[PDB]
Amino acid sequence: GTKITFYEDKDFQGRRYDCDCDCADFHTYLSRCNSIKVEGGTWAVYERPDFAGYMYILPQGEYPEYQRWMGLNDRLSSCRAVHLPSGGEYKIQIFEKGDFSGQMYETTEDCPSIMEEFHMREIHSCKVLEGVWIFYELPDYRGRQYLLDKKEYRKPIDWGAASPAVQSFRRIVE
């Protein structure tokens, strides 16, 4: 089913931690993470316990360095499998201002450049009408990532961002 393996060293070496479920805190077991194998499923992995700090989405595959999942440092402490919609539906509303105010756009497609498409480089609230999405701090799915797997986000901090910068977004698909 869903299975992920974390390694302390690059190239799948060093101490290993395995998770086949949600794992809110493995910080006392693994002191650093430099490679991952996702045997099955799509996972959200997090820098700090209880799904906090930097986060990253990893589908099935082999990741011999943290840079391979766009990791921003060597620290991972928690993880959870992403629940994708069984009916495969995806739809999001993005808003210029907080609390669902200002200009709104609705889309069912990915967006590698919010500036090109919508003339914005910040998003201040969002409703995830269907499915599961990721916001990115930089264009074209680069930089820090923010998982949007809840229904409503009133302010950027609701998706884990201290900065309102969002320059691309996409769906997490099977």
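Heads up: residue numbers just count along the shown sequence, starting at 1.
- request: Could you settle it for me: does 124 to 132 or 28 to 36 have the higher average Cα B factor in the PDB entry?
  value: So the stretch with the higher mean C-alpha B-factor is 28 to 36.
message: Looking at the C-alpha B-factor values in the deposited entry, which of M55, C111, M115, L58 comes out highest?
response: Highest C-alpha B-factor among the listed options: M115.
- request: Rank-wise, by C-alpha B-factor, drop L72 into the lowest, middle or highest third of its chain.
  value: Its C-alpha B-factor, which the entry lists for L72, ranks in the middle third among residues of this chain.
message: When the deposited Cα B-factors of this chain's modelled residues are ordered and cut into thirds, is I157 in the lowest, the middle or the highest one?
response: As the PDB entry reports it, the C-alpha B-factor of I157 lands in the middle third of its chain.
- prompt: Based on the entry's values, in what third of the chain does the Cα temperature factor of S168 lie: lowest, middle or highest?
  reply: Bottom third by C-alpha B-factor.
- request: Give the position of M104 by CA B-factor within its chain, expressed as the lowest, middle or highest third.
  value: Middle third.
- prompt: Should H119 be placed in the lowest, middle or highest third of its chain by the C-alpha B factor in the entry?
  reply: Tercile = highest for this residue's CA B-factor.
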